Amino acid sequence: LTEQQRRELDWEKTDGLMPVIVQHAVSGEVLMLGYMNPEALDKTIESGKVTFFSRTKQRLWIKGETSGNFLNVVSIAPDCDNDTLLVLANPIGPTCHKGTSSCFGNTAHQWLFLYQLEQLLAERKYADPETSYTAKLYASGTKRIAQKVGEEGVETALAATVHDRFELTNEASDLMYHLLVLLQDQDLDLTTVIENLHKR
Amino acid sequence: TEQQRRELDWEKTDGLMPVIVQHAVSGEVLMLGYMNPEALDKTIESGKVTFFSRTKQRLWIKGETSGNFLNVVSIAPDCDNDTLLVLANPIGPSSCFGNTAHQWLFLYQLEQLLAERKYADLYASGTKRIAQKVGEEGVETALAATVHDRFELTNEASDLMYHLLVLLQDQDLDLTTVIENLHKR
Ligand SMILES: [Mg+2]
Ligand SMILES: [Zn+2]
Ligand SMILES: [Zn+2]
Ligand SMILES: [Zn+2]
Ligand SMILES: [Zn+2]
Ligand SMILES: [Zn+2]
């Protein structure tokens, strides 16, 4: 937030309490909505931790003050008419008091599933070979996982070349699953790949 | 939903519920508006996002000025029932929040741009040439992982994703269709 951006925030239209959307800075999941006054926004900038004004306790509260689940600020932006902020943040622990990542429960944009799939495949690392197909892959060693990425790339190429769109959909799915596993096996992740793509 | 609307905390929000609109596919936050109970009713029945103007100016279907409507996919309350999250599909341009975007949004945008570059100065070389790039970079990804060169593996996985998007677009598919396919398994 530039100084002039903060000058243009419409506190009078919001009656000194600005609605603030907190979104996961990587996955795009909407985590919560809270409210800020000028001092909450200022403490948010200075500390790097999302800080709200609690009308209940009529005090500032850094989200995580009593839970341990903080939101590390990555970015802050106003909307087109300056009466709502979007904070992109990294949660250190789950955001909702129900033990789950979002205060909005189980409604999620389509692409979130890919991120959740990766998360699941990254938990199954180092968690014994009949828990899942994934764990047994992990146990097979890097060479066998890479072998499946290679095979699935071949199947994807061939199904496209034959113009069998339904087979291309399924082999592309296989490719993605095994690529996720292979990246996890090498201490990487799709986020790293997307970043590398972004730089180019 | 029945119970969910029974349980919305209309009194806490002085009759006006904050409403986050988020792209149903990509996750981009598009806007924040406000809804009174009739605005939410009209939104549910019409399938188009309908707000109540906070200044004074009546009900208002998003797009009744511009042609840019939002088609409802999903509506959820947060945990203390004083904010709604609406997932919707826009029909007309993109976010009221400027350039800010979560990291994975870039993948979605890359796909879009790749579609827009069917008409530039790979695509022209046929399905076979793209499929060749996919197969070769699968090989290179497998080899780089196998020798534990994480930098090369990052670059090769990146090539592989980019060309996979090109191939899907070439066969009138996209990564959203693949993500949904993985979902149903
Ligand atoms: Mg390559
Ligand atoms: Zn606004
Ligand atoms: Zn919550
Ligand atoms: Zn396959
Ligand atoms: Zn709660
Ligand atoms: Zn709430």
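Below, read A as the first sequence line, B as the second, and so on, with proteins coming before strands; counting in each chain starts at 1. Note that these values count all heavy atoms, side chains included, but never hydrogens, waters or copies made by symmetry.
Looking at heavy atoms from C-beta onward, A:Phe104 lies out of side-chain contact with B:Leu84 at the 4.5 angstrom threshold. B:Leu32 places a side-chain heavy atom less than 4.5 Å from the side chain of A:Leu33. Annotation: side chain of B:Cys79 is in contact with side chain of A:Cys96 (closest heavy-atom distance under 4.5 Å). In this structure, A:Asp79 and B:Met31 have side chains that are not in contact, with every pair of non-hydrogen atoms separated by 4.5 Å or more. Side chains of A:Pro19 and B:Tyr34 form a contact here, defined as non-hydrogen atoms less than 4.5 Å apart. Two residues are said to be in side-chain contact when any heavy atoms from C-beta on lie closer than 4.5 Å; A:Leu179 and B:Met161 meet this criterion.
The residue among A:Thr191, A:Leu112, A:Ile76 with the most heavy atom pairs within less than 4.5 Å of chain B is A:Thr191. Comparing B:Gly135, B:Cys96, B:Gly138 by heavy-atom pairs within less than 4.5 Å of chain A, the highest count is held by B:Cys96. Ranked by heavy-atom pairs under 4.5 Å with chain A, the list B:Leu143, B:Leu110, B:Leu168, B:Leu175 is led by B:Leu175. With chain A as the partner, the residue from B:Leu107, B:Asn99, B:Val29 showing the most heavy-atom pairs under 4.5 Å is B:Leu107. With respect to chain B, the highest number of heavy-atom pairs below 4.5 Å among A:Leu188, A:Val154, A:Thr107, A:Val74 belongs to A:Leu188. Comparing B:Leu87, B:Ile130, B:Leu85, B:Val134 by heavy-atom pairs within less than 4.5 Å of chain A, the highest count is held by B:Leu85. Interface summary for chain A: among B:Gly126, B:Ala101, B:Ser74, B:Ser158, the most heavy-atom pairs under 4.5 angstrom belong to B:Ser158.
Counting heavy-atom neighbours within 6.0 Å of A:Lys143 NZ, excluding the residue itself, gives a total of 12 or less. The environment of CD in B:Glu38 is sparse: at most 12 heavy-atom neighbours from other residues, nucleotides or ligands sit within 6.0 Å. Annotation for A:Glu46: atom CD counts as buried by contact number, over 12 foreign heavy atoms lying within 6.0 Å. When the shell of 6.0 Å around CZ of B:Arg6 is examined, it contains more than 12 heavy atoms from other residues, nucleotides or ligands. Enclosure of atom CD in A:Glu12 is not indicated, since only 12 or fewer non-hydrogen atoms of other residues, nucleotides or ligands lie within 6.0 angstrom. Within 6.0 Å of atom CZ in A:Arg59, more than 12 heavy atoms from other residues, nucleotides or ligands are found, so the atom counts as buried in its surroundings.
Residue A:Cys103 holds its SG atom at 11.5 Å from CG of B:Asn81, rounded to the nearest 0.5 Å.
Neither the backbone nor the side chain of A:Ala159 comes within less than 4.5 Å of any heavy atom in chain B. When heavy atoms are compared at a cutoff of 4.5 Å, A:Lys13 approaches chain B by way of both its backbone and its side chain. With a threshold of 4.5 angstrom between heavy atoms, B:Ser26 approaches chain A through N, CA, C or O but not through any side-chain atom.
In this structure, the side chain of B:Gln22 engages the main chain of A:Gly28 through a donor-acceptor pair within 3.5 Å. Side chain of B:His102 to main chain of A:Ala25: no donor-acceptor pair is present (N/O by atom type, distance under 3.5 Å, no hydrogens or angles).
When all heavy atoms of A:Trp111 and B:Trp104 are compared, the closest pair comes out as CZ3-O, 4.3 Å. Of all heavy-atom pairs between B:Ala131 and A:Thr161, the closest is CB-OG1, 3.4 Å.
For residues 161-172 of chain B, the pairs satisfying side-chain hydrogen bond (donor to acceptor under 3.5 Å, both in side chains) are A:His163-B:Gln171, B:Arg117-B:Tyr162, B:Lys118-B:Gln169, B:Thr127-B:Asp170, B:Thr127-B:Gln171, B:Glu137-B:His163, with sequence neighbours left out.
Heavy-atom neighbours of chain B within the stretch residues 192-200 of chain A, taken at a separation under 4.5 angstrom, comprise A:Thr192, A:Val193, A:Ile194, A:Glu195, A:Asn196, A:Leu197, A:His198, A:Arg200.
No single ILVMFWY cluster, assembled from side-chain heavy atoms under 4.5 Å apart, contains both A:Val20 and B:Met17. In this structure, A:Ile45 is not a member of the same hydrophobic cluster as A:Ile62, with clusters built from ILVMFWY side-chain heavy atoms closer than 4.5 Å.
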